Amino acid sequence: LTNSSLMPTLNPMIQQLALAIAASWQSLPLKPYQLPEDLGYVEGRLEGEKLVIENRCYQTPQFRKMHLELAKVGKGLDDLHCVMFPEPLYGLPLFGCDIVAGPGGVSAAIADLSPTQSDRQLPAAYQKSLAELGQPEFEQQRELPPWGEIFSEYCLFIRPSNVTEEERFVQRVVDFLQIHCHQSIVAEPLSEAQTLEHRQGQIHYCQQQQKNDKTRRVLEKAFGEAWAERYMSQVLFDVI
């Protein structure tokens, strides 16, 4: 991230999360993942503010696509988006996070390990490890929208109320990533029927994420409807 144009000007929580995700990935058996049109940096404006986006994307044998996106709209909204899309053959859950900030601080902090099984449960090893972290206390919880039925019972969706909560959130994401990277070493390839189940779950996850009109409006204000539809369906939440 030392080469990032956006990092130096992003919200401090976002900065720490970007670093933590990058650190988690740094020693993995990474290969490039080429986004559509080999996208890296992109910017656009229409009648209002400009949107700037920096994309990084990788893959490993366990993760089909590892995408970390940083964005800023003018000087007033920052975002971090990250999804680790699993390879269905290994049946791992989906790691995701979305952090939205403005000049008055973080407005939304979301992180999850989301199920891909038909029964909408995380694998047993994840349930146990997540349970062992304890129920975190956050003063300003937010209710997920209906499309957010895709998220697990361990999903965080808050407005951080103070620095202690920002740090607690980051630490919880660090803990999710630690659990996830360990489970990815002990996963073994699944049966064809199980693989198919997990593929289904990942498709559903992407279709539901595409219902997020708050993201879509940010993109549309800078690039227009057609661009935004392509971005959400081909770059952010591609249906496999």
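Start at 1 and count along the sequence shown; that's the residue number.
When the two stretches 151-159 and 123-131 are set side by side, the higher mean Cα temperature factor goes to 123-131. Between 5-13 and 223-231, it is 5-13 that carries the larger average Cα temperature factor according to the deposited entry. Note on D79, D112, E139, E143: the highest value goes to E139, judged by CA B factor as recorded.
When the CA B factors of the chain's modelled residues are split into thirds, the value for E47 lands in the highest one. Per the deposited record, the Cα B-factor of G96 falls in the lowest third when ranked against the other modelled residues of its chain. Split the chain's modelled residues into thirds by C-alpha temperature factor. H67 is in the lowest one. In this PDB entry, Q208 carries a Cα temperature factor that places it within the lowest third of its chain's modelled residues.
The deposited CA B-factor of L89 belongs to the highest third of values across its chain.
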